[PDB]
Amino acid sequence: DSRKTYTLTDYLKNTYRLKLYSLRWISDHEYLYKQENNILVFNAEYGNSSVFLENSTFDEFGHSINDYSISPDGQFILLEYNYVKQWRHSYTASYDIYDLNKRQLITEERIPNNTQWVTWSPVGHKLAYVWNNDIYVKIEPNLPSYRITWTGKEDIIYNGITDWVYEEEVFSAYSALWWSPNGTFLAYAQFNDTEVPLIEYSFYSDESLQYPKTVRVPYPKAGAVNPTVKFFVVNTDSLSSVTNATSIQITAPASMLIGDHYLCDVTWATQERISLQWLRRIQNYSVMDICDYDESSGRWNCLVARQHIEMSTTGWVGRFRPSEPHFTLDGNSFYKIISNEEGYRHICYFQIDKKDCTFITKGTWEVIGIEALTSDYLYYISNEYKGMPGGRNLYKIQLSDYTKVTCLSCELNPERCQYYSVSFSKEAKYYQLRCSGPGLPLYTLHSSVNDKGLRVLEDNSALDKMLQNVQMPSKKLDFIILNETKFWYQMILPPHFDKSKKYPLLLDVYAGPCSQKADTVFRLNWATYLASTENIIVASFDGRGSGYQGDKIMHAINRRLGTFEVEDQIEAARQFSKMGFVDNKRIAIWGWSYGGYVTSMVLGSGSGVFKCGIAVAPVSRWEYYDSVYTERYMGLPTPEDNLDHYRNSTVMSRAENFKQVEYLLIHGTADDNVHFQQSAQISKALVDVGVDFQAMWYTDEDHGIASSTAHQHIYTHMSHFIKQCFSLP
């Protein structure tokens, strides 16, 4: 073989690009799609298109447009520019509204600069936005806004947006507002961070800045004072008729008010029914309220007969949080993924005023998500097919007969496609399937009326062609047996892999709770280069604490982070040695964030198994990490709760054992998530016991170390280190 390999530059420079097919449904029949910077509108049924917006219409704009969004009634388009990243989901931007009917920009009563969030109402063209931490509503794009809150205060009161920890760990979003289905009501959360301590770090900025700035962010570490939260609902239809519309508060249940708690889910059921889930700071107890608008008092009432309790005896509640309900049209019943009696997550069906639900799925596998619900059918994704926890398929269950379950995706192309996600049109008339492995991504459009394939949207044949000329690595997905339990693993194997030979191995680790690093997804990444060009086997292993396989496995690390998930990685490497194709003198380990923690814990174990390793942005001590995430698994760091284990599971206390390995420690200085502090303490502890190691900081890079130049620099730096670790004398 004399084909070129997949090299480091190929990865860093994106030589071989995955084609996507990102569409946005605007109705039950139509979707939008970007073709050569034009925006086309497509008829789902026939596949014909038209130009919705010519690529030329905003040359005279004066600003580089970042993104757009169309009002649901098709009458307006929201143009977003001056985009400035904040945290994982948050950012600020400017906005203009373009009137698609007058084919003109709106120049009156403009959305202000430095707007934090904006969203159309779900019907029509109402807008709600957050600016300087307060909520505003526009009934009409050209008309003046109604202010909803006056309490907004930078770093202190957040109305309709999350603070740092709620954004990262609770809502996976910045926005904390929720329009009712037809846009009458605007629900929102308000966060009070008054007593939450600040993380403080330097940001150096462009070379031209003389004095570095100090970034200060309300951020509760483990056991510290959390933000408090309140929930309100305003009737936006009353705005133009009243001076100052009343925000009606819906208070948390008594069982929550006794202590620290979180708002963890908001979901509208009908025009006049909203559901809330609350979670105790000790995250093994949650309560759902279901609240009705009382038309004669203007108030919101949550009948205790409608309150649902979700708890856990073995761990926390939910995968990362209690799951969302999906309500039937009339809002009198709902479906919800919950852990069954055997510890497997399955769909349960509830009447809103009956406490016991009925399971509609069951088995030793898990429902990943409920994707759509019609009067006749519920569609969901599971890992049922072939008992593969790392696969994903779309299924359709008949609501009038639960024994009738069709797999909609399983056999479409079983060799090429074992990992699916889906996108339904507005009333589930059509669906896009997105296959993402083990072969090249494949996007297809389907019609729900008959589940017939309409057309291939994108098959990546261009890439496939290019990839023929390349000595691509292969992926093996399998399992090994420990104490009568299956534990899955994957291996990125060099091309022409020969079992008779001994190979350097890199163990690519994450291993946080409910993580899954062994799966059927096709990836073009650093591992691809290492296996293809450097002939390294890159392995990953889902041990105790890993997800999608039941609570027996997932909750094994409950209150005990830094134990089983760490030792199971070490054991994995041992088992790979036994397999006979691994050079046991050349075993390396690496990971990012939770993977950095695990890597460091493994390198400090004294096991003798690993020659070297790389921790990027590691956690080093659970008390440095945020409350919501950490406490979920570890409880509170107090003598009466779990302090002993918090203190026993630090990287620093293993500093002496790093004498036996080669270590590379890397961290962005402006990491708002895993604070530079965490590596600063590892390095100090290593210096303190006389251990030599390698280090790299990335000035002004955050958790992602994702700026174009830093991304290339870090993977270059890590490649040299691995190659040095591995090469033969």
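Just so we're on the same page, rigid core means the largest C-alpha set that superposes within 1.5 Å between forms. Don't overthink the numbering: it's just position in the shown sequence, from 1.
Q: Superpose by the rigid core: which stretch, 293-301 or 586-594, shows more Cα shift in 6 other deposited structures of this protein?
A: The more displaced stretch in 6 other deposited structures of this protein turns out to be 293-301.
Q: Could you tell me which of the two stretches, 235-243 or 419-427, has its Cα atoms lying farther from the shown structure in 6 other deposited structures of this protein after fitting on the rigid core?
A: Larger mean C-alpha displacement, comparing 235-243 and 419-427 in 6 other deposited structures of this protein, is found in 235-243.
Q: Averaging C-alpha B-factors over each stretch, which comes out higher, 160-168 or 408-416?
A: Stretch with the greater average CA B-factor: 408-416.
Q: So 394-402 or 616-624, which one's hotter by mean CA B-factor in the entry?
A: Looking at the recorded C-alpha B-factors, 394-402 comes out higher on average.
Q: Between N483, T630, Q190, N226, let me know which has the highest C-alpha B-factor in the entry?
A: Comparing C-alpha B-factors across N483, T630, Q190, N226, the top value belongs to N483.
Q: Highest CA temperature factor in the entry: which of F479, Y204, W590, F320?
A: Within the set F479, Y204, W590, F320, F479 shows the top C-alpha B-factor.
Q: For the chain shown, is the CA B-factor of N584 in the lowest, middle or highest third of its modelled residues?
A: Tercile = highest for this residue's CA B-factor.
Q: Within this chain, which third does the Cα B-factor at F721 fall in: lowest, middle or highest?
A: For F721, the deposited C-alpha B-factor lands in the middle third.
Q: Test of reading the entry: by CA B factor among the chain's modelled residues, which third contains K336?
A: It belongs to the lowest third of the chain when residues are ordered by C-alpha B-factor.
Q: Lowest, middle or highest third: where is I111 by C-alpha B factor in its chain?
A: For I111, whose C-alpha B-factor we compare with every modelled residue in the chain, the answer is the highest third.
Q: Quick check for you: using the entry's CA B-factors within this chain, is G363 in the lowest, middle or highest third?
A: Its C-alpha B-factor belongs to the middle third of this chain's values.
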